[PDB]
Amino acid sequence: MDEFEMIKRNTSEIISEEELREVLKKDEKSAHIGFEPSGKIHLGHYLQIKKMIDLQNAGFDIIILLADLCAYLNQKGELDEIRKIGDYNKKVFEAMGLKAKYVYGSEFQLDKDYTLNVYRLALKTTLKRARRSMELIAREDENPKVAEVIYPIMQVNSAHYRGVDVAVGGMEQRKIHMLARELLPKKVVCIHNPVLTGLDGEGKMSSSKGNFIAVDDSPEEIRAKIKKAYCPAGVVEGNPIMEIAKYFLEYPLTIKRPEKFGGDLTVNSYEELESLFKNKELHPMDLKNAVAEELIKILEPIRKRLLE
């Protein structure tokens, strides 16, 4: 398994694989990811931090951008309050075991040279393109603000300005990233992680939608959220419990079941779990019990560091 294959594991796409391979040869290489600060850090965040850890293990210097100014532009509140949530997020990311440097967008995004660049990019970016790039990111607003279209060019210049080789984000960032690869002289390698389904199955997981498991949820809370989650027998597509099994659990996985329902089941890969679930050899209740118990153990060290 290449460093390349370790990095590629469980990503949705890498733009491009050829470019990443060229990057991997260098002694010194950096990757960054930006997050609008979030009151709760959930499995979606953890999925991406896990990927940053993969990159770190492959010798990348990791930068976490606490995106206070973008969050401000996306109507998340006042900068001072946003920064405080950013600081909390840093502590959570540290509790996850990430070795990284942290920067606040506003530390450099209001510099004269940065701003001049933003305006230069604004001349090359159509309103239609800017709005399209924000469809999965923009806060819902019946009267869309000028701030909405400044946000994507702020993010485009961010990669350029700080000289990152690799930008990581969820699939929802991909249009902004495509714009960056088009507009900037140096092409940034983009690694996109899948977007987790919300627990009720009705859309994507999000801090604003209350459809997530937070990394510091209590065990009792995790069990309840999983008990109630969308998880139709035989259905893997859009099944958040199966997603958790794929992205977070380790294998071989032992699934405990009463003897009357077939007894304990040892599963050597997610792929084999998927076949058992599609073939209805594994019931949603037994899948859920195992996912809840293993996820609790996975998250325990993080919750404990945050509780201590």
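Residue positions are given as counts along the sequence shown, with the first one as 1.
Averaged over their C-alpha atoms, the temperature factors of 261-269 and 35-43 are higher for 261-269. In this entry, 55-63 shows the higher mean Cα temperature factor of the pair 55-63 and 240-248. The top Cα temperature factor in the record, among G86, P152, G198, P232, falls on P232. When the C-alpha B-factors of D216, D80, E172, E220 are ranked from the entry, the top spot goes to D80. When the modelled residues of the chain are ordered by their C-alpha B factor, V92 lands in the middle third.
The PDB entry assigns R129 a C-alpha temperature factor belonging to the lowest third of its chain's modelled residues. Ranked within its chain, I296 lands in the lowest third, by CA B factor from the PDB record. When the modelled residues of the chain are ordered by their C-alpha B factor, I137 lands in the lowest third. In this PDB entry, the Cα temperature factor of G105 sits in the bottom third of its chain's modelled residues, the lowest group.
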